[PDB]
(Lines of atoms letter the chains of each structure in order from A and count residues from 1; the text may use other names and numbers.)
(Lines give C-alpha, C1' and ligand atoms only; values in the text may rest on other atoms or scores of the structure.)
Protein backbone atom coordinates (compact mmCIF):
# COMPACT_ATOMS: atom_id res chain seq x y z
CA UNK A 1 0.00 0.00 0.00
CA UNK A 2 0.80 3.68 -0.57
CA UNK A 3 2.43 5.47 2.37
CA UNK A 4 0.71 8.83 3.05
CA UNK A 5 2.01 11.42 5.51
CA UNK A 6 -0.26 14.28 6.58
CA UNK A 7 1.70 17.04 8.26
CA UNK A 8 -0.59 19.71 9.66
CA UNK A 9 -0.14 22.73 11.89
CA UNK A 10 -3.22 24.05 13.71
CA UNK A 11 -3.59 26.55 16.53
CA UNK A 12 -7.34 26.71 17.19
CA UNK A 13 -8.37 23.41 15.52
CA UNK A 14 -9.70 24.05 11.99
CA UNK A 15 -6.50 22.57 10.52
CA UNK A 16 -6.83 19.56 12.82
CA UNK A 17 -10.35 18.82 11.54
CA UNK A 18 -9.03 19.19 8.02
CA UNK A 19 -6.09 16.86 8.71
CA UNK A 20 -8.44 14.35 10.30
CA UNK A 21 -10.67 14.43 7.23
CA UNK A 22 -7.68 13.82 4.93
CA UNK A 23 -6.51 10.85 6.99
CA UNK A 24 -9.94 9.18 6.75
CA UNK A 25 -9.95 9.74 2.98
CA UNK A 26 -6.43 8.29 2.75
CA UNK A 27 -7.34 5.19 4.77
CA UNK A 28 -10.54 4.86 2.68
CA UNK A 29 -8.44 4.65 -0.50
CA UNK A 30 -6.37 1.74 0.95
CA UNK A 31 -3.52 4.04 1.92
CA UNK A 32 -1.31 3.66 4.95
CA UNK A 33 -1.68 6.98 6.69
CA UNK A 34 0.20 8.95 9.28
CA UNK A 35 -1.48 11.97 10.84
CA UNK A 36 1.37 14.07 12.27
CA UNK A 37 1.24 17.41 14.04
CA UNK A 38 3.83 20.18 13.73
CA UNK A 39 5.57 21.15 16.98
CA UNK A 40 4.12 24.16 18.76
CA UNK A 41 6.76 26.85 19.42
CA UNK A 42 4.57 29.55 21.06
CA UNK A 43 5.18 30.43 24.74
CA UNK A 44 2.64 29.03 27.23
CA UNK A 45 1.40 32.47 28.33
CA UNK A 46 0.42 33.13 24.72
CA UNK A 47 -1.51 29.91 24.20
CA UNK A 48 -3.00 30.62 27.69
CA UNK A 49 -4.51 33.84 26.30
CA UNK A 50 -7.13 32.10 24.12
CA UNK A 51 -9.43 29.14 24.80
CA UNK A 52 -9.75 27.48 21.39
CA UNK A 53 -5.96 27.08 21.19
CA UNK A 54 -5.48 25.69 24.68
CA UNK A 55 -8.37 23.30 23.96
CA UNK A 56 -6.96 22.21 20.59
CA UNK A 57 -3.52 21.46 22.03
CA UNK A 58 -5.16 19.10 24.55
CA UNK A 59 -7.28 17.48 21.80
CA UNK A 60 -4.09 16.72 19.82
CA UNK A 61 -2.23 15.33 22.87
CA UNK A 62 -2.26 11.78 21.41
CA UNK A 63 -1.32 12.85 17.87
CA UNK A 64 2.38 12.22 17.18
CA UNK A 65 4.79 14.99 16.27
CA UNK A 66 6.08 15.29 12.67
CA UNK A 67 9.78 14.84 11.87
CA UNK A 68 11.87 14.57 8.69
CA UNK A 69 11.88 10.74 8.86
CA UNK A 70 8.09 10.60 8.33
CA UNK A 71 8.70 12.24 4.94
CA UNK A 72 11.46 9.67 4.22
CA UNK A 73 8.90 6.99 5.19
CA UNK A 74 6.19 8.59 3.09
CA UNK A 75 5.55 8.33 -0.61
CA UNK A 76 2.85 11.03 -0.71
CA UNK A 77 2.98 14.21 1.43
CA UNK A 78 0.23 16.64 2.40
CA UNK A 79 1.12 19.86 4.18
CA UNK A 80 -1.65 21.86 5.84
CA UNK A 81 -1.24 25.26 7.50
CA UNK A 82 -3.41 28.14 8.55
CA UNK A 83 -2.33 31.39 6.87
CA UNK A 84 -0.44 34.05 8.66
CA UNK A 85 -0.30 37.32 6.65
CA UNK A 86 -0.77 35.42 3.40
CA UNK A 87 2.14 33.01 3.95
CA UNK A 88 2.31 29.82 6.04
CA UNK A 89 2.70 29.86 9.85
CA UNK A 90 6.11 30.16 11.50
CA UNK A 91 5.50 26.88 13.35
CA UNK A 92 5.32 25.15 9.94
CA UNK A 93 8.40 26.91 8.56
CA UNK A 94 10.50 25.84 11.57
CA UNK A 95 9.61 22.27 10.68
CA UNK A 96 10.60 22.93 7.03
CA UNK A 97 13.92 24.59 7.99
CA UNK A 98 14.90 21.20 9.50
CA UNK A 99 14.69 19.19 6.24
CA UNK A 100 18.16 20.27 5.12
CA UNK A 101 20.04 17.05 5.61
CA UNK A 102 17.12 15.04 4.30
CA UNK A 103 17.06 17.34 1.27
CA UNK A 104 20.79 17.00 0.45
CA UNK A 105 20.53 13.20 0.90
CA UNK A 106 18.10 13.48 -2.06
CA UNK A 107 15.41 11.47 -0.24
CA UNK A 108 12.73 14.15 -0.68
CA UNK A 109 12.88 13.77 -4.49
CA UNK A 110 9.89 12.17 -6.21
CA UNK A 111 7.46 12.22 -3.29
CA UNK A 112 3.99 13.36 -4.19
CA UNK A 113 3.03 16.67 -2.57
CA UNK A 114 -0.19 18.67 -2.23
CA UNK A 115 -1.35 21.27 0.32
CA UNK A 116 -4.15 22.87 2.36
CA UNK A 117 -4.90 26.08 4.24
CA UNK A 118 -7.46 27.93 6.33
CA UNK A 119 -8.08 31.58 7.02
CA UNK A 120 -10.68 33.92 8.46
CA UNK A 121 -11.83 35.54 5.22
CA UNK A 122 -12.66 33.81 1.91
CA UNK A 123 -9.93 35.85 0.16
CA UNK A 124 -7.49 36.51 3.03
CA UNK A 125 -4.52 34.53 1.67
CA UNK A 126 -6.26 31.20 0.97
CA UNK A 127 -4.51 30.88 -2.43
CA UNK A 128 -1.15 32.60 -1.85
CA UNK A 129 -0.35 30.45 1.23
CA UNK A 130 -0.64 27.27 -0.79
CA UNK A 131 1.39 28.94 -3.50
CA UNK A 132 4.21 29.40 -0.93
CA UNK A 133 3.84 25.77 0.20
CA UNK A 134 4.12 24.66 -3.48
CA UNK A 135 7.24 26.77 -4.12
CA UNK A 136 8.74 25.12 -1.11
CA UNK A 137 8.02 21.65 -2.47
CA UNK A 138 9.65 22.36 -5.88
CA UNK A 139 13.12 22.82 -4.41
CA UNK A 140 12.89 19.18 -3.23
CA UNK A 141 12.05 17.96 -6.74
CA UNK A 142 8.63 16.70 -5.71
CA UNK A 143 5.90 15.80 -8.12
CA UNK A 144 3.12 18.22 -7.25
CA UNK A 145 -0.46 16.99 -7.47
CA UNK A 146 -2.93 19.73 -6.65
CA UNK A 147 -6.56 18.81 -7.18
CA UNK A 148 -7.31 21.61 -9.59
CA UNK A 149 -10.87 21.45 -10.79
CA UNK A 150 -11.43 17.71 -11.30
CA UNK A 151 -15.01 17.50 -9.91
CA UNK A 152 -18.28 19.34 -9.18
CA UNK A 153 -17.32 19.09 -5.47
CA UNK A 154 -14.50 21.64 -6.06
CA UNK A 155 -16.98 24.15 -7.60
CA UNK A 156 -19.48 23.49 -4.75
CA UNK A 157 -16.89 24.28 -2.00
CA UNK A 158 -15.71 27.68 -3.33
CA UNK A 159 -13.55 26.28 -6.18
CA UNK A 160 -9.93 26.18 -5.03
CA UNK A 161 -7.76 24.48 -7.64
CA UNK A 162 -4.52 24.96 -5.65
CA UNK A 163 -5.77 22.94 -2.68
CA UNK A 164 -8.52 22.64 -0.10
CA UNK A 165 -9.15 25.86 1.85
CA UNK A 166 -11.51 26.64 4.72
CA UNK A 167 -13.09 29.89 5.87
CA UNK A 168 -12.37 29.64 9.60
CA UNK A 169 -15.18 31.16 11.64
CA UNK A 170 -15.01 28.72 14.61
CA UNK A 171 -17.99 26.80 13.18
CA UNK A 172 -17.54 23.13 12.18
CA UNK A 173 -16.32 22.38 8.64
CA UNK A 174 -18.85 22.60 5.80
CA UNK A 175 -19.55 19.22 4.16
CA UNK A 176 -18.64 20.88 0.82
CA UNK A 177 -15.07 21.31 2.21
CA UNK A 178 -14.77 17.74 3.55
CA UNK A 179 -15.87 16.59 0.16
CA UNK A 180 -13.24 18.85 -1.39
CA UNK A 181 -10.59 17.45 1.01
CA UNK A 182 -11.61 13.80 0.54
CA UNK A 183 -11.20 14.27 -3.22
CA UNK A 184 -7.77 15.94 -3.14
CA UNK A 185 -6.30 13.16 -1.01
CA UNK A 186 -7.99 10.32 -2.87
CA UNK A 187 -6.76 11.85 -6.12
CA UNK A 188 -3.24 12.03 -4.72
CA UNK A 189 -3.21 8.45 -3.40
CA UNK A 190 -4.32 7.10 -6.79
CA UNK A 191 -1.57 8.99 -8.67
CA UNK A 192 1.12 8.01 -6.15
CA UNK A 193 0.05 4.36 -6.54
CA UNK A 194 0.34 4.59 -10.34
CA UNK A 195 3.80 6.17 -10.07
CA UNK A 196 5.09 3.37 -7.82
CA UNK A 197 3.28 0.76 -9.92
CA UNK A 198 5.06 1.70 -13.15
CA UNK A 199 8.33 2.05 -11.24
CA UNK A 200 8.20 -1.79 -10.86
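Numbering follows the first chain given and starts at 1.
- Taking the PDB entry as given, 157-165 carries the higher mean Cα B factor of the two stretches 157-165 and 35-43.
- Ranked by C-alpha B-factor against the other modelled residues of its chain, residue 150 falls in the highest third.
- Sort the chain's modelled residues by C-alpha temperature factor and residue 105 lands in the highest third, per the entry.
- For residue 64, the recorded CA B-factor ranks within the middle third of the chain. Only modelled residues enter the ranking.
- Placement of the Cα temperature factor of residue 143 within the chain: lowest third of the modelled residues, per the deposited record.
- Ranked by C-alpha B-factor against the other modelled residues of its chain, residue 176 falls in the highest third.
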